[PDB]
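The chain below stands alone and is given as C-alpha cells, in the form deposited in one PDB entry.
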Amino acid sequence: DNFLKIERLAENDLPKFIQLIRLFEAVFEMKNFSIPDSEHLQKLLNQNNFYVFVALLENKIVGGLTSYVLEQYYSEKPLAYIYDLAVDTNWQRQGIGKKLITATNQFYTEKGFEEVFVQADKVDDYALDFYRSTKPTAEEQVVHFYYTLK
C-alpha cells in the first residue's frame, strides 16, 4: 500500500517503542505482563547493538520487529538477530511483514553485515510460511533449549 510506512526508531522514539511492545503483548498473547520503566526502555533504545523497525499507518503502529547486533569472531562482518516480529491481527497479510524484513536486511546490508537470521516455532505455521515467503537464503530445523534462572 502507499499509506503504510516503514521506519527505524531512534532516541526520541520511546513512545513508538512502547506502542510496539504493547502490540507484542497483544499478538503474542502475553499474560500478566508488566512493562519495564521508561528509563530502562530508553537506555535499551539508545544501544548501538539494538535496532527497532515499525510499520506505521499515520500514527498507528501496525507491525514491527526488534533486532540485535552480534559482532562476530569469525569475521569482521557482524550478524543481526531478529528476536521478535509481529503484525497486528487486523492487518495480517498486507505485505507488512515482508516490508519489515526487506527494510531490515537492506539496513544491515548497508552496514556491511554478513547475515541476518530469525527463528520461528515449528508449530507456528503462519510465521513459518511467512518467513518462507521472504525467500531466505536457507532454513534449518533446530532445537531451542533454555535455562530459567533462579
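Each residue number is its position in the shown sequence, starting from 1.
The question of which stretch, 43-51 or 91-99, has the higher mean Cα B factor is settled in favour of 91-99. Averaged over CA atoms, B-factors in the entry run higher in 57-65 than in the other of 110-118 and 57-65.
When the modelled residues of the chain are ordered by C-alpha B-factor, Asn32 sits in the highest third.
The PDB entry assigns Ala10 a C-alpha temperature factor belonging to the highest third of its chain's modelled residues.
When the CA B factors of the chain's modelled residues are split into thirds, the value for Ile21 lands in the lowest one.
Just so you know, the form deposited with a small molecule bound exists too; it's not on screen, but the next bit is about it.
Annotated contacts: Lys98, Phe130 and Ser133 all touch the small molecule in the deposited complex [non-hydrogen atom within 4.5 angstroms]. Residue contact with the small molecule in the deposited complex: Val27 places a heavy atom within 4.5 Å of it.
When contacts are judged by a 4.5 Å heavy atom cut-off, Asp124 counts as touching the small molecule in the deposited complex.
Among residues of the shown chain, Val52 is not one whose heavy atoms approach the small molecule to within 4.5 Å in the deposited complex. Remark: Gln92 counts among the residues lining the small molecule in the deposited complex, judged by a heavy atom distance of 4.5 Å or less.
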